[PDB]
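# Examining the three-dimensional arrangement
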Amino acid sequence: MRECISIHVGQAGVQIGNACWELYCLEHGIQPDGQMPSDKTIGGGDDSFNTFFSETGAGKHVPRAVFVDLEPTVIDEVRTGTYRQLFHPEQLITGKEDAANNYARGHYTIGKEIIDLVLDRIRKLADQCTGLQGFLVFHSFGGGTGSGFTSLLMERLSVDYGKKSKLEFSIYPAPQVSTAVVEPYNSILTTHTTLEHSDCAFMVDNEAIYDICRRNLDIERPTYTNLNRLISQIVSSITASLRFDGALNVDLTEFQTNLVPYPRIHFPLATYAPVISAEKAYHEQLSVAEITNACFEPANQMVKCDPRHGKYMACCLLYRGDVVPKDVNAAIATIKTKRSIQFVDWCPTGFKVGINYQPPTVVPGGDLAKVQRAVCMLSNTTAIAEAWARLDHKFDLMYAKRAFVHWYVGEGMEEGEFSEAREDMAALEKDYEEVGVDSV
Amino acid sequence: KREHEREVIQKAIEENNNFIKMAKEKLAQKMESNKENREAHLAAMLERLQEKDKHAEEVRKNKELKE
Amino acid sequence: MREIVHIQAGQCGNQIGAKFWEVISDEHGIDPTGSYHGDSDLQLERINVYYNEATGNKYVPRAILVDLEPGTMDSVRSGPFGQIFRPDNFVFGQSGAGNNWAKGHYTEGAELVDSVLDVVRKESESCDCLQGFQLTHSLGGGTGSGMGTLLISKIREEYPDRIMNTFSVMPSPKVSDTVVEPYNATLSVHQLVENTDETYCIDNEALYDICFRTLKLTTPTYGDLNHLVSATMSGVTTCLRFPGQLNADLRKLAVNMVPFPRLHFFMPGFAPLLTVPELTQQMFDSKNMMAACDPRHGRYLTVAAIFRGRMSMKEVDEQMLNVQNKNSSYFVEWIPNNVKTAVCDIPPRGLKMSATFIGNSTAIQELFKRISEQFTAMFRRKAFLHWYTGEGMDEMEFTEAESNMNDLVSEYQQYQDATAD
Ligand SMILES: COc1cc2cc(c1Cl)N(C)C(=O)C[C@H](OC(=O)C(C)C)[C@]1(C)O[C@H]1[C@@H](C)[C@@H]1C[C@@](O)(NC(=O)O1)[C@H](OC)/C=C\C=C(\C)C2
Ligand SMILES: Nc1nc2c(ncn2[C@@H]2O[C@H](COP(=O)(O)OP(=O)(O)OP(=O)(O)O)[C@@H](O)[C@H]2O)c(=O)[nH]1
Ligand SMILES: Nc1nc2c(ncn2[C@@H]2O[C@H](COP(=O)(O)OP(=O)(O)OP(=O)(O)O)[C@@H](O)[C@H]2O)c(=O)[nH]1
Ligand SMILES: [Ca+2]
Ligand SMILES: [Mg+2]
Ligand SMILES: [Mg+2]
């Protein structure tokens, strides 16, 4: 059992969903029509990949996923795309009018019209579960749906499913691909509203991903397609422990124990390696030591920040492919005597390690080289607060003049919600500061 | 110890229910507050437009009392 | 889909309105019969935004043609793409405004406005999801100006949760010898600042100066001025008409362009009148603005820029960054990342590549000050006040409209002077 239900909200959530589920299918040998030849138990099973796929009597493996967007044109492409047979039509939910980069419309005006239908379809997946573990929620910070509707959904999910675990993959805005001037507003509002209702959230800085595509894959002007294929690899690495089995395999929930010292401190920093082109990977093998050392190059992080100027509260290494503990231990011992790695004084310094022997996979016609071994580091660093600081500053610049605020007030919101949300962010920045101070 | 064991699991149930309860109530209040505000904004808009109509009547009226 | 309902009022409105439909019908590859004869599926993916699809694959403009005189109505129907418009959507009076704002707004137009609304309503109710309305008109006349602003108020009563966009043509003595135009403009602006969400300020002063000084066309015809208008209107709707990420609809445009509700008057720009670098330098040049304002006399609140044609998108990103850095003083710092760049790889007709500009600049006040200068002098003179009071208007409605436009100017000045700290 231990089923996980994925919920993809808004354009960013949906399109990243497309990348992830395409990638999962290739990893598990699932065809676009949903058939899986290697799977001999027809109509059901207790295998590890069943945490993410349900099975029909006809042998179809169906994603435990819901796609939601307040406008139809993004999900329509799924309905008519390569993997359209993969999803039951009821898993793909669309309204007629989007939130127009407005949190208020996503949470209230437009969102309230479809929220009940969404919860009903989610309920239908959950009742098929024999032991539901929790939810994985994909969304942008900047969009009106990604911000507004997500926070509404997360609130409602806490009511309907109690303390059942809820994880986030949140797309943090970058100006190179930004769509709205008000994305700082939407970011602060959804972060404030979802904070109590999320157990663990993996932020993905679009600029971090943008830079990696430019620097490591030599993509002059990365598209969402370039970004999402890279993002899906990090997501795959994180969910791999749920979808595969193995002796040295460590469940994501075990890492979670280490990553979250306090409820509000639940934002791990992700760092992935190797990201390399076919051209460069040719006749060049990246060893365990090399990819592990790459995890401490800030250029490889999913979020722009400097952990070297912060303190660690946890360090997890999630390997996949040709990797054995001996090489990991050797690589770690080398790194600790050469990197700027400093822990807070109230936490142990040991690195927690997981290994999935299933090697990395790449999507056809993709920019990433196929490698024998990869690693995703999940660390809890005070430095990730830098991402909050940058967003909060941009928020302050506009809110001081109340720029664009009338678009929110016009949809029923009050200025008190802005100030309340900003105060919570200030407390959160202070929290990350407090945990880094030495004990008395 | 048996009694303490009961009190601990009862506390966990209580706090879990209290969280569900306060979330349900906090949300219902927000959607209600938002419904009132948005309606009040639209209502104020129509009222201003509806006195533009009353003004136009007064103008056409003023033209008939012009002759 | 997300439909826009187009409305054109008065002579100016119908002139530029017709040319607008001629240009985009060509871009979307449909002939004056309404049949499609294109080559790219991208032409039809978002065709329903402006067109109704009829039986036999016939695309009909979602357009409503209005005027208080039946003259122009025959012009359109006889002009090219005249047989594509819906016959029932022609709504004409017989009287004619004669450049009297009061007649268009309170008298003659108020008696034709309902039969216009009936057509608006019929088009609207057949929309899968109406996003809003766009109006083409001048502010110097009587019909397009006075009745156009009446229709806006009336439409906003029945569709208050929709976006109201306008292409307003501003009066200039360099083009029209009519003397009362600054009355009509001020009275209109009094209405537009309250009841529209987005207004494209098409300034005849700017259109004239471009034709005369850059295109070197002494004695410029309305055809010359409208060639600029059509190219502009094509540019600022590209994001609405073709598959895109940025300002793909009227509401998302408004949210990105309007930081304060009253400050919704944009000065558009167009280039050329090439290399990616000087395309960018031109579109930010005062000579290429369709509003007679110097952007370096104020600060940009927000900016939207679309480049069209096949070009290096890396180069466009670099140069848009370049312009913001070299001209950092002319973008307000209390709005981070206020400049947005779009790219459509299908160019306009005739050009291999072009660039359209939409700026919300505090320098727009230069345009309102020009009108106000004429208006205030006319108000003291009291020249031709009887034609307005003759329809039942009061002298205060002139005063109120004046001071409201004065407020708009000072409000644009307020945020121009504002600092981060
Ligand atoms: C002998 O001297 C002159 C004689 C006339 C005009 C002028 C001079 Cl000096 N000047 C200065 C002007 O600037 C022209 C302008 O009119 C124009 O729009 C244009 C048609 C000329 C106007 C009057 O200010 C405009 C509105 C008050 C308008 C006028 C009208 O159109 N109807 C109406 O209700 O209001 C009307 O009847 C149809 C015809 C035209 C008027 C007459 C008075 C000529
Ligand atoms: N990485 C990545 N980011 C995306 C993608 N699509 C959109 N974004 C980002 O998401 C933000 C905009 O939010 P969207 O998800 O597009 O908007 P939305 O969720 O549909 O909400 P609406 O306003 O109602 O459309 C911007 O910062 C974009 O850069 C994507 O496919 N991949
Ligand atoms: N750019 C441009 N301006 C025009 C055009 N036609 C008229 N105008 C301007 O419009 C202003 C007067 O408004 P009109 O549209 O002509 O008059 P109307 O709105 O039809 O109202 P009435 O004529 O009184 O019934 C003048 O300042 C003209 O310069 C045009 O084709 N192009
Ligand atoms: Ca099975
Ligand atoms: Mg969307
Ligand atoms: Mg006329």
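Definitions and cut-offs
- Residues numbered from 1 in each chain as written, not as in the entry; some residues may be left out.
- Chains lettered and ligands numbered in written order.
- Part of a larger assembly, values for the part shown.
- Heavy atoms only, no water.
- Helix = DSSP H or I, 4+ residues; strand = E, 2+ residues; numbered from the N terminus.
- Buried < 20%, exposed > 50% of the residue type's maximum accessible area, 1.4 Å probe, protein only.
- Areas by Shrake-Rupley, 256 points an atom, 1.4 Å probe, with all protein chains shown as cover.
- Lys, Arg positive; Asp, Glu negative; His and termini not counted.
- Charge placed at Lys NZ, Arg CZ, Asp CG, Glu CD.
- Rg over C-alpha atoms; globule rule 2.2 N^0.38 Å.
- Contact = heavy atoms within 4.5 Å.
- Buried area = accessible area lost by both parts, 1.4 Å probe.
- Salt bridge = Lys/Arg side-chain N within 4 Å of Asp/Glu carboxyl O.
- Polar contact = N/O pair within 3.5 Å; in protein donor to acceptor, adjacent residues only side chain to side chain.
- Pairing = 2+ DSSP bridges.
- Axes fitted to C-alpha atoms, helices over the stretch in contact; angles between N-to-C directions.
- Nonpolar A, V, L, I, M, F, W, Y, C, P; charged D, E, K, R; others polar.
- Patch = residues over 30% accessible without salt bridge, like charges linked within 9 Å, V, L, I, M, F, W, Y side chains within 5 Å.
- Donors = N, O, S within 2.8 Å, 3.2 Å for Na, K, Ca; no water.
- Near = heavy atom within 4 Å.
- Domains from an automatic or database assignment.

Deposited coordinates in this entry are attributed by the record to X-ray crystallography, at a stated resolution of 2.400 Å.

Looking only at helices and strands, one finds 1 helix and 0 strands in chain B. When the backbone C-alpha atoms are referred to their principal axes, chain B occupies close to 100 × 10 × 5 Å. The 67 residues of chain B split such that 16% are buried. Per element, the accessible surface of chain B, about 5,600 Å² overall, is 52% carbon and sulfur. Here chain B contributes 17 positively and 16 negatively charged side chains, and the mean placements of these two sets differ by 4 Å.

Turning our eyes to something else, we now look at the overall build of chain A. A count of helices and strands for chain A gives 15 helices and 12 strands. At 21 Å, chain A has a C-alpha radius of gyration in line with the 22 Å of a compact globule built from 440 residues. In terms of overall dimensions, chain A has a C-alpha envelope of 60 × 60 × 45 Å along the principal axes. Within chain A, the fraction of its 440 residues that count as buried is 63%. Within chain A, contacts between residues at least 6 apart in sequence are counted, and of these 82% link residues at least 24 apart. Accessible surface computed for chain A: about 16,200 Å², of which carbon and sulfur atoms make up 50%.

Take the interface of chain A and chain C next. Counting from both sides, the interface comprises 26 residues of chain A and, opposite them, 29 residues of chain C. In terms of surface lost to chain C, no three residues of chain A exceed A:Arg221, A:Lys401 and A:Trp407, which account for 24% of the buried area on that side. Run the count over chain A and chain C and you get 5 salt bridges. Across the pair A:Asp98 and C:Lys252 runs a salt bridge whose closest N-O atoms are separated by 3.5 Å. Across the contact surface, chain A and chain C share 13 residue pairs in polar contact.

All names here are of chain A. Here we have 4 strands laid out as an open sheet, ordered 9-12-10-11, and mixed in their pairing. Lying at the two open borders of the sheet, with one neighbouring strand each, are strand 9 (269-273) and strand 11 (352-356). Each neighbouring strand pair of the sheet contributes to a mean axis angle of 15°, computed without reference to strand direction. Alignment of strand 9 against strand 12 (residues 373-381), held across 5 bridges, turns out to be antiparallel. Within the sheet, the bridge partner assigned to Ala270 lies in strand 12 and is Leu378.

Of the residues lining the interface, 14 residues belong to chain B; the matching set on chain A comes to 20 residues. Around 1,500 Å² of area is buried between chain B and chain A when both sides are counted, 60% of it from carbon and sulfur atoms. Note that A:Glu196 is salt-bridged to B:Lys26, the shortest N-O span being 3.7 Å. Here the side of chain B that touches chain A is composed, by residue class, of 5 nonpolar, 5 polar and 4 charged.

A surface patch of like charges, here negative, comprises B:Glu47, B:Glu51, B:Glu58, C:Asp394 and C:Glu400. The element contributing the most residues to the negative patch is helix 1 (residues 2-64) of chain B, with 3 residues. Residue position: C:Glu400 is located in helix 15 (residues 396-417).

All names here are of chain A. Binding of the calcium ion (ligand 4) to the protein goes through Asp39 (OD), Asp39 (OD), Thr41 (O), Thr41 (OG1), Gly44 (O), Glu55 (OE) and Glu55 (OE), at separations of 2.4 to 2.6 Å. Within one chain, the residues donating to the calcium ion (ligand 4) are spaced in sequence as D-x1-T-x2-G-x10-E. Overall, the relative accessible area of 25% leaves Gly44 in the partly exposed class.

Below, the discussion takes up the site of ligand 2. Around ligand 2, a shell composed of 24 residues is seen, among which A:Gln15, A:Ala99, A:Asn101, A:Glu183 and A:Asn228 lie nearest. Residues lining ligand 2 come from chains A and C. Note that an oxygen atom of ligand 2 is positioned 3.0 Å from one of the backbone N or O atoms of A:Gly143. Here A:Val177 contributes a backbone N or O atom positioned 2.9 Å from an oxygen atom of ligand 2. Coverage of ligand 2 by the protein amounts to 98% of the 640 Å² it exposes when considered alone. Taken together, the residues that form the shell around ligand 2 break down as 8 nonpolar, 12 polar and 4 charged.

Turning to the domain arrangement of chain A, a few remarks are in order. Residue and element names in this part refer to chain A. Under the domain assignment used here, chain A contains domain 1 (3-259), domain 2 (269-387) and domain 3 (388-435). A separation of 26 Å is found between the C-alpha centroids of domain 1 and domain 3. Taken residue by residue, the interface counts 23 residues in domain 1 and 24 residues in domain 3. Carbon and sulfur atoms supply 70% of the area buried between domain 1 and domain 3, which totals about 2,100 Å² over both sides.

Time to look at the side chain of C:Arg156. Position of C:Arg156 relative to the elements: it lies in helix 5 (residues 143-158). From its side chain, C:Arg156 meets the backbone oxygen of C:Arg162 in a polar contact 3.4 Å long. Within polar-contact distance, the side chain of C:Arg156 engages the backbone oxygen of C:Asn195 at 3.4 Å. Aside from chain neighbours lying at most four places away, what touches C:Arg156 is B:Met45, B:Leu49, C:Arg162, C:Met164, C:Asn195 and C:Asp197.

On to the pairing of strand 2 (residues 51-54) of chain C, then. Residues and elements named next belong to chain C. Pairing between strand 2 and strand 3 (residues 58-61): 4 bridges, direction antiparallel. What sits directly across from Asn52, in strand 3, is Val60. Counting the residues in the hairpin turn of strand 2 and strand 3 gives 3 residues, including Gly56, whose phi is positive at 75°.

To continue, consider the sheet that holds strand 4 (residues 65-69) of chain A. Residue and element names in this part refer to chain A. The strand order across the open sheet built from 6 strands is 5-4-1-6-7-8, with neighbouring strands paired in parallel fashion. The open sheet is flanked by strand 5 (92-94) and strand 8 (200-205), the only strands paired with a single partner. Each neighbouring strand pair of the sheet contributes to a mean axis angle of 15°, computed without reference to strand direction. Relative to strand 6 (residues 134-140), strand 1 (residues 4-9) is paired through 5 bridges, and the arrangement is parallel. Opposite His8, over in strand 6, you have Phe138 as the bridge partner.

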